């Protein structure tokens, strides 16, 4: 039933308060399975209790909260506003492993977020506020290709790749991929932001990638990832193929 | 029932003999839907009648036979031996559009073929014979990166990318992809061919790609495709990352 599913979550949450890191990770997984699956109507009630562990001192625990937040945005995107702040602050984490994980989660979070927010007719102030945190997140990650952790850069590159593809127009020559989404898919009525500003932002993110590509001390891992994303961009959005080929030569 | 499904196929096939190109394409689609889906036990009976159109003078018709053959190898791989010759001969087609399509179909055909043949215990002479036609096909496509049709080269590059990834060992650092398959997945008992020969062949195909990458007159489209496949190879099989980065610089 529902009262019994909720009763277990309450017990699981109360144990989170006193559990070991390892067990906290296990209880988060269980709570997620229930409030974001089996009994999804329970999600909002326990959001607070879960988001609280974003402050835990153990990084594995924090990475677990990241997984929970990414899930929230795949299946309960209405709650994106209530979890999007954790995303942004965890991008300022002290652990690189946590940041690399957050950057990864942002790929789907930003995409799902964009698809949701731009679909709302006359979005409220919570929607608008959330859209701003997303804009801030894009900036936070953009600055990270200059981070000193190689892995953080690799992830940032990939994340930026998807924003470019999202914030651009797919033409009749765009490589075909099933999940593709572009500025062309944005409803005409939407007024939360508007095509050209994102298109310009996308163009600029590309400039940074093209630029980063030719930096003398780019790591071999960062070169592959950057080269790869550039090719993907050039294939998904041909309009950029000129600039990409120029960078390659 | 089965007699009625088969009766319609017979009528559809008899019309193929006298239909227009456009209608031939339509009847092939219908026959495929039935003999490779709704009533898959009918496939072997009508294989001959279908493979016959591989000789049609209209190229759209031939491309339709290509689609049929690729399907056969996805769902009735036992029949790969009976259709694999059409694949090889159509790679010698006069139409580039036909060849580009065949090359594409070979991606799944070779993969499905490899997965099937190497799974058989004490494979028969038909299996062995088929494995040879596959080896011949790999060679036919390998020579095509030097073809004068830009598009044929683009496709050949991609096809070769998958052979390299297939004919190599995935380690604990290989980028994760759900369908991945490597020489490590080949049964220990298999004696149709053996790991090192494919591994060597894979290494050589890579040499050709790395080499082609730096040719002075590589087209921008061919550069992107080649650069892209190299990155993919380097990510899927790290052991090659050194050589790929070297090529990029």
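Protein chains in written order, with the deposited numbering: chain A, 22 to 270; chain A', 22 to 270. A prime marks a further copy of an entry chain.
C-beta: ideal position from N, C-alpha, C; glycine also.
Please report the straight-line C-alpha distance between residue i and residue j, rounded to a whole angstrom.
i: residue 130 of chain A; j: residue 188 of chain A; result: 15 Å
i: residue 27 of chain A'; j: residue 69 of chain A'; result: 15 Å
i: residue 218 of chain A'; j: residue 190 of chain A'; result: 13 Å
i: residue 198 of chain A'; j: residue 246 of chain A; result: 16 Å
i: residue 61 of chain A; j: residue 54 of chain A; result: 9 Å
i: residue 52 of chain A; j: residue 126 of chain A; result: 19 Å
i: residue 80 of chain A; j: residue 258 of chain A'; result: 30 Å
i: residue 164 of chain A'; j: residue 224 of chain A; result: 38 Å
i: residue 168 of chain A; j: residue 267 of chain A'; result: 24 Å
i: residue 128 of chain A'; j: residue 180 of chain A'; result: 6 Å
i: residue 230 of chain A; j: residue 260 of chain A; result: 16 Å
i: residue 75 of chain A; j: residue 270 of chain A'; result: 42 Å
i: residue 162 of chain A'; j: residue 124 of chain A'; result: 7 Å
i: residue 95 of chain A; j: residue 220 of chain A'; result: 41 Å
i: residue 193 of chain A; j: residue 233 of chain A'; result: 29 Å
i: residue 243 of chain A'; j: residue 42 of chain A; result: 51 Å
i: residue 175 of chain A'; j: residue 78 of chain A'; result: 25 Å
i: residue 113 of chain A; j: residue 200 of chain A; result: 30 Å
i: residue 111 of chain A'; j: residue 145 of chain A'; result: 26 Å
i: residue 106 of chain A; j: residue 248 of chain A; result: 32 Å
i: residue 235 of chain A; j: residue 166 of chain A'; result: 28 Å
i: residue 56 of chain A; j: residue 138 of chain A'; result: 46 Å
i: residue 91 of chain A; j: residue 98 of chain A'; result: 40 Å
i: residue 250 of chain A'; j: residue 24 of chain A; result: 53 Å
i: residue 237 of chain A'; j: residue 222 of chain A'; result: 25 Å
i: residue 204 of chain A; j: residue 210 of chain A; result: 13 Å
i: residue 282 of chain A'; j: residue 103 of chain A'; result: In this structure chain A' extends from 22 to 270, so residue 282 of chain A' is not present and cannot be described.
i: residue 84 of chain A; j: residue 134 of chain A; result: 20 Å
i: residue 206 of chain A; j: residue 47 of chain A; result: 39 Å
Among the options, which residue has its Cα nearest to the Cα of residue i?
i: residue 66 of chain A'; options: A'/81, A'/34 and A'/76; result: A'/34
i: residue 212 of chain A'; options: A'/163, A'/148, A'/237 and A'/111; result: A'/148
i: residue 263 of chain A'; options: A'/165, A'/85, A'/176 and A'/227; result: A'/227
i: residue 22 of chain A'; options: A'/44, A'/63, A'/50 and A'/260; result: A'/63
i: residue 143 of chain A'; options: A'/242, A'/208 and A'/202; result: A'/208
i: residue 177 of chain A; options: A/121, A/156 and A/193; result: A/121
i: residue 140 of chain A; options: A/105, A/194 and A/215; result: A/215
i: residue 173 of chain A; options: A/136, A/106, A/196 and A/118; result: A/118
i: residue 241 of chain A; options: A'/241, A'/255 and A'/239; result: A'/255
i: residue 31 of chain A'; options: A'/42, A'/71 and A'/43; result: A'/71
i: residue 185 of chain A; options: A/78, A/98 and A/265; result: A/265
i: residue 170 of chain A'; options: A'/251, A'/239 and A'/24; result: A'/239
i: residue 195 of chain A; options: A/237, A/40 and A/253; result: A/253
i: residue 37 of chain A'; options: A'/250, A'/210, A'/73 and A'/97; result: A'/73
Please list the partners that residue i has in chain A, where partner means a Cβ-to-Cβ separation under 8 Å.
i: residue 236 of chain A'; result: Going along chain A, no residue has its Cβ under 8 Å from residue 236 of chain A', so there is no contact; the nearest lies around 12 Å.
i: residue 266 of chain A'; result: 241, 244 and 245
DSSP three-state label for residue i, please.
i: residue 269 of chain A; result: helix
i: residue 156 of chain A'; result: helix
i: residue 228 of chain A'; result: helix
i: residue 144 of chain A; result: coil
i: residue 79 of chain A; result: coil
i: residue 188 of chain A; result: coil
i: residue 208 of chain A; result: coil
i: residue 31 of chain A; result: helix
i: residue 258 of chain A'; result: coil
i: residue 97 of chain A; result: coil
i: residue 200 of chain A'; result: coil
i: residue 38 of chain A'; result: coil
i: residue 58 of chain A; result: helix
i: residue 149 of chain A'; result: helix
i: residue 23 of chain A; result: helix
i: residue 238 of chain A'; result: coil
i: residue 194 of chain A; result: coil
Mind listing the chain A' neighbours of residue i? Cutoff is C-beta to C-beta under 8 Å, in chain order.
i: residue 249 of chain A; result: 249, 252, 253 and 256
So residue i packs on residue j, CB below 8 Å; how close in whole Å?
i: residue 10 of chain A'; j: residue 101 of chain A'; result: Given that chain A' is displayed from residue 22 to residue 270, the structure contains no residue 10 of chain A' and the question cannot be resolved.
i: residue 183 of chain A; j: residue 132 of chain A; result: 7 Å
i: residue 29 of chain A; j: residue 82 of chain A; result: Not quite, the Cβ-Cβ distance comes to about 20 Å (not below 8 Å), so this is no contact.
i: residue 158 of chain A'; j: residue 116 of chain A'; result: Not a contact, Cβ separation roughly 18 Å.
i: residue 86 of chain A; j: residue 49 of chain A; result: 7 Å
i: residue 136 of chain A'; j: residue 202 of chain A'; result: 7 Å
Taking residue i as the query, report the chain A residues whose CB atoms sit under 9 Å from its CB, ordered along the chain.
i: residue 262 of chain A'; result: 241, 242 and 245
I want to verify the contact list: residues of chain A whose CB lies under 7 Å from the CB of residue i, in sequence order.
i: residue 89 of chain A'; result: Within chain A, no residue comes near residue 89 of chain A'; the closest Cβ sits about 21 Å away, beyond 7 Å.
i: residue 269 of chain A'; result: 244 and 248
Which bits of chain A' does residue i rub up against, with CB to CB less than 7 Å?
i: residue 180 of chain A; result: Per Cβ cutoff of 7 Å: no residues; residue 180 of chain A is ~16 Å from chain A' at best.
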